[PDB]
Amino acid sequence: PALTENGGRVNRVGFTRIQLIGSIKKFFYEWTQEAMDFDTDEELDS
Amino acid sequence: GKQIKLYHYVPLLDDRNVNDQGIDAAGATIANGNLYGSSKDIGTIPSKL
């Protein structure tokens with residue numbers, strides 16, 4: 001970027017900006033009372 | 001589970017005491033391990049006493 005004693009419109013410059021994009025997206029089990037009761041392991045639920 | 005188990009000890013002379021453990025006075029291995037077996041017959045028990 002040069003210059004001179006006279007000056008004037010000599011060195012014009014610009015700027016930009018960028019963009020970003022994201023997203024948010026996204027399970028069960030069942031059991032019977034007879035299963036828990038008549039089981040040998042009484043800590044099965046845990 | 002869903003079951004109940006018990007134990008009922010059959011007496012000596014009851015005929016339900018079927019046992020392999022059997023030996024008569026002569027020492028032979030008999031099959032009736034419950035002595036005479038409550039046959040309630042004096043025709044046998046004197047022999048099987």
# chains A, B, ... in the order shown; residues from 1 in each chain; ligands from 1
>>> interface_residues(of="chain B", to="chain A", cutoff="12 Å", atoms="only C-alpha atoms", output="CSV table (one decimal) with C-alpha atoms, in the first residue's frame")
chain,number,residue,atom,x,y,z
B,1,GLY,CA,-40.2,-69.7,42.0
B,2,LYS,CA,-43.8,-70.7,42.5
B,3,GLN,CA,-43.4,-74.1,44.1
>>> select_by_dssp(residues="chain B", states="alpha helix (DSSP H)", output="list in words")
residues 45, 46, 47 and 48 of chain B
>>> atom_distance(atom1="CA of residue 11 (chain B)", atom2="CA of residue 32 (chain B)")
14.1 Å
>>> residues_around(residues="residue 47 (chain B)", least_positions_apart="5", cutoff="12 Å", atoms="only C-alpha atoms", output="list in words")
residues 24, 25, 26, 35, 36, 41 and 42 of chain B
